[PDB]
Amino acid sequence: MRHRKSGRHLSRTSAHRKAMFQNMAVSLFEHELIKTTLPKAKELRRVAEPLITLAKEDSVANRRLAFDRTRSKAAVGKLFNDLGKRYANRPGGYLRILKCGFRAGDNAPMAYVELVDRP
Amino acid sequence: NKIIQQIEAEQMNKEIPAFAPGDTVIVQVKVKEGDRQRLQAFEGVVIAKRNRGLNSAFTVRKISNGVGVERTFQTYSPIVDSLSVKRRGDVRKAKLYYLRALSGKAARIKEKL
Amino acid sequence: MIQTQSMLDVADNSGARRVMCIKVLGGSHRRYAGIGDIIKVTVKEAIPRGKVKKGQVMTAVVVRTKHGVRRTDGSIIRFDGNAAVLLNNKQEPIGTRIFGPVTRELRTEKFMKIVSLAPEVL
Amino acid sequence: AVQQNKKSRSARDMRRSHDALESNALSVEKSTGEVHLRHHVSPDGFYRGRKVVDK
Amino acid sequence: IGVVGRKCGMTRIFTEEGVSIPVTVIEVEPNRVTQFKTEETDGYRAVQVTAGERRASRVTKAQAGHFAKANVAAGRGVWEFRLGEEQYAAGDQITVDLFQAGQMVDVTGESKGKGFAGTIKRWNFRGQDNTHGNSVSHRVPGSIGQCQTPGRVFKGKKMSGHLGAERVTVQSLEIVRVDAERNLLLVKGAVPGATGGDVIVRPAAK
RNA sequence: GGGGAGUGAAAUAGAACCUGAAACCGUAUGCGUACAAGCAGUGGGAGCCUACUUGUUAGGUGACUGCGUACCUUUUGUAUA
RNA sequence: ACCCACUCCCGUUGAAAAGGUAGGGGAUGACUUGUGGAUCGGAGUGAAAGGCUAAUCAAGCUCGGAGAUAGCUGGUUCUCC
RNA sequence: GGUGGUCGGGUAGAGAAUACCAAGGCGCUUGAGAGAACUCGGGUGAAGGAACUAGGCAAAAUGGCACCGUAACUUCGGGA
RNA sequence: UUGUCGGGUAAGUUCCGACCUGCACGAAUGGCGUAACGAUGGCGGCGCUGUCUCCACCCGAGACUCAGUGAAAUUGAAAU
RNA sequence: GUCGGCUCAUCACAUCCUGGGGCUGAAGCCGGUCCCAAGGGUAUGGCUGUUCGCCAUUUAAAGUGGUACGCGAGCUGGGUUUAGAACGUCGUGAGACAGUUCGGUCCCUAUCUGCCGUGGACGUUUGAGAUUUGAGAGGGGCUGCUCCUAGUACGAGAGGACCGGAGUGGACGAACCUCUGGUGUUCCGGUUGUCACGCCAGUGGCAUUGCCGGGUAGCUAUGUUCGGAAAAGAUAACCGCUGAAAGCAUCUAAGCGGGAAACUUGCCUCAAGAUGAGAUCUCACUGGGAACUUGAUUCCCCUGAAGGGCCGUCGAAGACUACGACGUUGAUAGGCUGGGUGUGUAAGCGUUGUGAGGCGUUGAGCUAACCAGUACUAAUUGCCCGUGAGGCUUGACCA
Ligand SMILES: [Mg+2]
Ligand SMILES: [Mg+2]
Ligand SMILES: [Mg+2]
Ligand SMILES: [Mg+2]
Ligand SMILES: [Mg+2]
Ligand SMILES: [Mg+2]
Ligand SMILES: [Mg+2]
Ligand SMILES: [Mg+2]
Ligand SMILES: [Mg+2]
Ligand SMILES: [Mg+2]
Ligand SMILES: [Mg+2]
Ligand SMILES: [Mg+2]
Ligand SMILES: [Mg+2]
Ligand SMILES: [Mg+2]
Ligand SMILES: [Mg+2]
Ligand SMILES: [Mg+2]
Ligand SMILES: [Mg+2]
Ligand SMILES: [Mg+2]
Ligand SMILES: [Mg+2]
Ligand SMILES: [Mg+2]
Ligand SMILES: [Mg+2]
Ligand SMILES: [Mg+2]
Ligand SMILES: [Mg+2]
Ligand SMILES: [Mg+2]
Ligand SMILES: [Mg+2]
Ligand SMILES: [Mg+2]
Ligand SMILES: [Mg+2]
Ligand SMILES: [Mg+2]
Ligand SMILES: [Mg+2]
Ligand SMILES: [Mg+2]
Ligand SMILES: [Mg+2]
Ligand SMILES: [Mg+2]
Ligand SMILES: [Mg+2]
Ligand SMILES: [Mg+2]
Ligand SMILES: [Mg+2]
Ligand SMILES: [Mg+2]
Ligand SMILES: [Mg+2]
Ligand SMILES: [Mg+2]
Ligand SMILES: [Mg+2]
Ligand SMILES: [Mg+2]
Ligand SMILES: [Mg+2]
Ligand SMILES: [Mg+2]
Ligand SMILES: [Mg+2]
Ligand SMILES: [Mg+2]
Ligand SMILES: [Mg+2]
Ligand SMILES: [Mg+2]
Ligand SMILES: [Mg+2]
Ligand SMILES: [Mg+2]
Ligand SMILES: [Mg+2]
Ligand SMILES: [Mg+2]
Ligand SMILES: [Mg+2]
Ligand SMILES: [Mg+2]
Ligand SMILES: [Mg+2]
Ligand SMILES: [Mg+2]
Ligand SMILES: [Mg+2]
């Protein structure tokens with residue numbers, strides 16, 4: 001059973017899962033609109049949205065907490081210089097998951113992940 | 001769980017002093033010896049604390065007559081008549097299960113001051 | 001929570017030091033004996049001039065267990081090891097002293113003699 | 001484990017009586033009059049009126 | 001006659017003696033009689049109740065007419081209770097006051113669903129050897145029949161399959177406390193199902 | 001890869017090319033088929049459909065029902081598991 | 001390292017016509033190994049298991065005698081009297 | 001799966017073991033989900049501790065260096 | 001024949017010691033011992049443990065579902 | 001495909017326990033034997049490949065059989081029948097022994113029947129949303145000990161009840177997670193080696209989750225709660241009442257009883273595909289035209305209801321399904337806010353020191369699945385199915 005459990009395995013180890021969603025969130029902050037599978041996009045919400053919430057308060061400790069969770073200097077800079085100020089009055093929901101069709105190669109359900117204010 | 005929380009909060013009227021793991025406490029335990037009620041003191045070190053509101057518990061470990069005893073007290077049970085801290089421990093951990101492997105001078109907890 | 005092959009310390013001065021449960025009594029397919037249940041033991045270790053000998057098959061009552069005993073408030077008392085007191089055919093203690101604490105579950109008409117001699121009752 | 005008797009063509013086709021494909025839920029955009037999957041961004045790149053992918 | 005409540009979770013009650021009673025809290029919102037079934041009309045005696053609420057968009061026109069006949073609001077469901085010589089009119093409120101503390105009740109619920117369960121969990125089958133040469137058959141059922149006689153598996157053979165998510169009745173549970181001001185029913189012990197699940201509380205059959 | 005056009009006596013002679021069988025796989029139409037037990041036929045037999053010869057007819061299907069355990073071999077003997 | 005192959009499990013229409021993972025033995029020697037060469041079919045070679053001699057061994061493979069022989073098994077094809 | 005020889009950096013390390021890296025080279029030619037039984041390969045486990053089983057099979061455990069200490073027996077080397 | 005006695009276990013058709021009634025030992029097809037050695041056979045113990053009481057939870061890989069590709073043994077015919 | 005084991009069984013009754021009885025060389029307690037009874041229950045170890053057996057220790061009891069001496073396309077491989085080797089023995093020998101001994105490859109992806117689950121289709125006569133009766137079926141059914149009765153009955157004493165009542169257990173089963181614990185590679189922390197983030201500091205990768213210490217939700221047993229019943233009916237053996245045939249006797253022939261864990265119910269679950277397709281409440285649809293092979297016909301246009309589904313957000317529901325909730329008239333999921341819980345006093349700065357470290361800020365920082373709010377994000381009034389009053393015959397009311 002998985003009664004009341006959260007998270008998706010995605011046929012990965014937890015190390016690879018952690019590494020992938022940190023890669024995806026970094027990519028999303030750089031490009032502001034990415035395409036991925038619908039299961040990955042729905043689990044990317046729980047990783048990338050707490051990072052924007054953290055970026056609203058600019059401090060040395062918050063920036064270090066951001067860097068531990070992204071390991072990307074560019075992503076940390078974008079979160080506190082642009083995205084943290086842009087979503088200051090937005091109470092969550094910084095991402096938008098829009099379903100596109102299916103991948104040609106394997107018929108995988110696709111989704112668009114865009115930042116809400118401007119993609 | 002708002003209904004449950006309100007039922008439990010009714011029976012948490014007892015006032016319990018703040019004690020931390022590593023503290024040496026004296027628990028006054030209500031004992032019903034046939035017809036005579038009395039308080040039997042259980043002194044020892046708090047090695048574990050489980051804060052769950054009404055379902056709170058703590059475990060006290062004592063070395064009695066050369067045999068170690070561990071009692072897990074239900075904090076809000078009426079059996080726990082009273083609680084007092086003799087002295088406060090200086091421990092880095094929430095759980096002190098490593099004390100069971102130790103004895104004598106090796107199982108000494110530093111006082112907090 | 002003692003079963004067959006489980007080794008117990010001896011809480012009285014009957015001369016036995018170590019005993020091994022060879023039967024949990026009082027029921028078909030009975031699995032465990034808790035604090036206050038009687039077991040069949042064999043004496044694995046003994047002192048030289050004691051009342052019981054090594055290899056002797058006796059009845060004993062469990063008085064301390066690592067599994068512990070639970071009170072009606074939901075609390076549990078656990079001991080650092082498992083201990084037993086050897087009994088004769090009348091279900092009475094063989095020794096005249098009890099070592100270490102016992103619990104109030106022994107405060108029955110059967111084992112009140114163990115409780116009286118115990119240094120501590122918990 | 002294998003069949004003792006070759007399965008008849010009637011029996012083969014009876015198992016396949018549950019194999020028929022279903023049709024997807026198709027919707028029409030109003031900004032463009034374009035057919036798309038229901039709840040999906042249109043192949044042109046529109047969802048509920050607005051352009052989202054911008055090609 | 002019983003009531004339809006929701007399992008609100010498990011807690012404990014401490015008596016003055018110090019005893020801890022494990023209780024299941026059942027919130028019995030007042031039940032509205034939707035239809036009284038008599039012998040001369042339906043072949044048998046029963047009372048049909050509803051409880052809770054349902055938004056008007058999720059209530060079909062047929063069900064809405066059925067509720068309007070009784071002049072009650074739509075509930076999340078509709079339930080029946082077989083009756084003796086009891087008399088009820090549509091619109092009556094069977095609240096938690098038909099029970100009194102200390103009395104035996106039967107609680108019925110849908111047990112938690114475990115999905116497809118193996119024989120070890122579903123039927124308490126013993127495991128086979130984990131070592132000593134057992135090949136790939138550590139948790140498998142073993143034999144399911146005998147041989148040429150009878151050359152088949154008997155109906156009702158204990159096999160792996162779906163476990164839970166079925167109607168269960170726990171019998172002879174003591175009522176610990178009746179809280180009519182909060183529509184609460186505290187029964188000693190456990191009742192079938194998860195928190196938020198519909199439970200039926202009735203006077204005990206035995 | 002096709003649809004036309006064209007060539008040719010002929011292209012369903014189009015280059016995997018004369019003819020183009022069977023197994024096997026489809027599409028269309030007619031009838032039958034979701035309360036019913038088995039070598040799947042055979043005897044009886046309603047209805048429906050089609051065609052003319054317009055009901056003592058031909059063709060297709062065949063509800064329902066009696067009877068009915070393939071073939072070869074080898075054997076005293078085989079539905080034979 | 002390299003050579004080996006004691007145990008379990010897996011694998012057994014295998015990734016593999018003998019393997020893999022985890023453990024295991026020898027590891028300056030009667031050691032392992034490359035290149036080239038010698039010995040072979042009632043023959044060789046064998047620290048000897050009837051082992052090995054190209055996935056073939058109580059007498060290799062290939063062709064010939066040869067369509068060996070088979071008191072044995074199987075099969076034997078249109079019709080009627 | 002097998003295939004002879006050569007080169008073989010850094011930190012730790014006795015080391016060509018092992019771990020993480022360098023120079024270089026790769027992600028192994030179906031993917032995407034879901035997170036049933038069961039199988040395979042692992043992690044942890046109350047109390048008990050060989051009661052398992054033909055058999056402690058398997059697992060668990062032990063494991064390094066320096067120093068102290070080390071029995072019967074012995075072919076005087078050992079055992080160690 | 002699980003001979004008998006002794007030991008070891010609560011209990012020992014195995015083991016160790018012994019007796020001698022050797023069905024049917026016996027002296028280079030060697031007899032009897034024997035330190036060291038052995039992926040050798042049997043038996044006992046300490047430790048250790050999911051071997052077991054009695055299994056629980058978790059992590060990967062299958063199984064399951066979707067998209068692509070696409071076998072096998074078997075098969076007198078089946079309204080099995 | 002063999003013995004034994006393991007797993008899972010199913011049936012018989014010639015019954016081992018529990019239940020009911022007759023006789024007894026049955027005082028009581030305990031027995032013996034026979035009749036009735038198959039509902040449930042009916043050991044763990046040592047030795048041995050063993051089945052068995054002996055032994056130890058329990059138990060109410062440790063039943064006897066059939067089921068390919070049940071069960072290897074379910075497991076094992078100890079025994080037993082391959083190839084190696086050895087002993088005794090026999091044979092000149094090759095070898096052999098129904099003697100011993102050490103070692104020695106157990107394949108198969110399930111078509112049909114069957115079984116356990118779970119769907120799709122159609123039917124149930126207009127359709128639909130709910131609720132339901134119960135023909136029938138399945139599950140369950142075990143039992144100890146202590147106390148009172150009562151040291152009473154009985155008995156020289158010793159010992160020691162029936163009937164009835166109360167309590168507390170074992171085994172088995174179900175549900176549950178409040179508690180006690182386990183787990184918890186999605187939370188926190190410690191720490192070894194190394195690489196990196198320019199460097200310090202701080203962090204991250206990798207090393208079984210590197211190794212560990214803890215631990216939320218969930219799941220879970222060893223944890224918690226509950227269950228077997230009572231009662232009724234008809235009976236078995238057995239005991240009768242009345243009572244003749246047969247002036248007596250006689251439970252039987254007529255008639256009337258008592259009577260068991262067996263049977264039928266009572267308890268629990270499933271259940272109208274119960275085609276015999278049942279019942280109840282409520283909802284919806286009240287248009288034309290033509291034709292042939294004239295009526296339960298066909299075709300054309302208008303119409304498309306109740307409702308269902310697709311699709312989406314999901315779920316303590318789940319293999320896929322199905323089931324359940326929600327889709328802006330919205331808390332369905334995620335985020336956000338607050339709390340809770342867990343871990344255990346972050347970073348940075350200041351201070352003390354030569355430094356490791358300490359101290360203060362500081363129970364700090366972080367915190368999964370939990371609780372409560374909150375439309376910030378994602379759930380588009382889009383499409384499809386489903387129609388237009390529901391045949392005929394007979395009867396009774398009715399008009
Ligand atoms: Mg969740
Ligand atoms: Mg995958
Ligand atoms: Mg890692
Ligand atoms: Mg579930
Ligand atoms: Mg077992
Ligand atoms: Mg094997
Ligand atoms: Mg195998
Ligand atoms: Mg295995
Ligand atoms: Mg049959
Ligand atoms: Mg022409
Ligand atoms: Mg020609
Ligand atoms: Mg041609
Ligand atoms: Mg029909
Ligand atoms: Mg049939
Ligand atoms: Mg005919
Ligand atoms: Mg017939
Ligand atoms: Mg014959
Ligand atoms: Mg015949
Ligand atoms: Mg045949
Ligand atoms: Mg046949
Ligand atoms: Mg070695
Ligand atoms: Mg030989
Ligand atoms: Mg060869
Ligand atoms: Mg020859
Ligand atoms: Mg010739
Ligand atoms: Mg020939
Ligand atoms: Mg090599
Ligand atoms: Mg290396
Ligand atoms: Mg353990
Ligand atoms: Mg432990
Ligand atoms: Mg031990
Ligand atoms: Mg054993
Ligand atoms: Mg055994
Ligand atoms: Mg081993
Ligand atoms: Mg290991
Ligand atoms: Mg382990
Ligand atoms: Mg002896
Ligand atoms: Mg001997
Ligand atoms: Mg000799
Ligand atoms: Mg001589
Ligand atoms: Mg010799
Ligand atoms: Mg050697
Ligand atoms: Mg496919
Ligand atoms: Mg009988
Ligand atoms: Mg029986
Ligand atoms: Mg009955
Ligand atoms: Mg035995
Ligand atoms: Mg032993
Ligand atoms: Mg058999
Ligand atoms: Mg079989
Ligand atoms: Mg097999
Ligand atoms: Mg640094
Ligand atoms: Mg790296
Ligand atoms: Mg500090
Ligand atoms: Mg019309």
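Just so it is clear, the values below take in all heavy atoms, side chains as well, and ignore hydrogens, waters and symmetry mates. In the text below, chain A, chain B and the rest are named by the order of the sequence lines, each starting its count at 1.
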With rounding to whole Å, what would you report as the distance between [N] and [M] at their [atom1] atoms?
N       : M       : atom1 : answer
J:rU183 : J:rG114 : P     : 47 Å
I:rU40  : G:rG25  : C1'   : 14 Å
J:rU131 : J:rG324 : P     : 9 Å

Give a yes or no on whether [M] and [N] pair, Watson-Crick or G-U wobble, both distances under 3.5 Å.
N       : M       : answer
J:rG340 : J:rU89  : no
G:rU56  : G:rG75  : no
J:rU298 : J:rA166 : no
J:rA375 : J:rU42  : no
J:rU361 : J:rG202 : no
J:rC102 : J:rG363 : no
I:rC5   : I:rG17  : yes
J:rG173 : J:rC226 : yes
J:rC106 : F:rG4   : no
J:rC172 : J:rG227 : yes

Check this one for me: any side-chain N or O of [X] less than 4.0 Å away from OP1 or OP2 of [N]?
X        : N       : value
C:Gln5   : H:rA50  : yes
E:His132 : J:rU76  : no
B:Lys95  : J:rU343 : yes
E:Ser135 : J:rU76  : yes

First locate atom OG1 of A:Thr36, then atom CD1 of A:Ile97, and finally report the distance between them rounded to the nearest 0.5 Å.
9.0 Å

Closest listed nucleotide, where the reference is the side chain of [X] and the choices are [options]:
X        : options                   : value
E:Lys69  : J:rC281, J:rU7, I:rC52    : J:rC281
E:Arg139 : I:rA10, J:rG202, I:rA56   : I:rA56
E:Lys206 : J:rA331, J:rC197, J:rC267 : J:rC267

Please evaluate the base of H:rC57 for a donor-acceptor partner in the side chain of E:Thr131 within a cut-off of under 3.5 Å?
yes

Kindly indicate whether the side chain of E:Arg58 and the base of J:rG327 share any N or O donor-acceptor pair separated by less than 3.5 Å?
yes

Students often get this wrong, so: under 4.0 angstrom with heavy atoms, is [X] touching a base, only sugar-phosphate, or nothing?
X        : result
E:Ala64  : nothing
E:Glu166 : nothing
D:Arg50  : sugar-phosphate
C:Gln3   : base
E:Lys157 : sugar-phosphate
A:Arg4   : base
A:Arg2   : base
E:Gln148 : base
A:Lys56  : nothing
B:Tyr97  : sugar-phosphate

Of E:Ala117 and A:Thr37, the one whose closest RNA chain H nucleotide lies more 5'
A:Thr37

Of C:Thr4 and C:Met1, the one whose nearest nucleotide on RNA chain H sits closer to the 5' end is C:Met1

Below 4.0 angstrom, N of the basic side chain to O of the carboxylate: do E:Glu110 and E:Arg167 qualify?
no

With a 4.0 Å cut-off, would you call E:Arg76 and E:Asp198 a salt bridge?
yes

Taking all non-hydrogen atoms of both residues, which atom of A:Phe102 and which atom of A:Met110 are closest, and how far apart?
C-CG, 4.1 Å

Do A:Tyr94 and A:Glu114 have side-chain atoms, one donor and one acceptor, less than 3.5 Å apart?
no

Could you check whether the six-membered base rings of F:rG47 and F:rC48, which sit next to each other in the strand, have centres less than 5.5 Å apart and planes tilted by under 30 degrees?
yes

Judged by the sign of the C1'-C2'-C3'-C4' torsion, with positive meaning north and negative meaning south, the sugar of J:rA274 is south

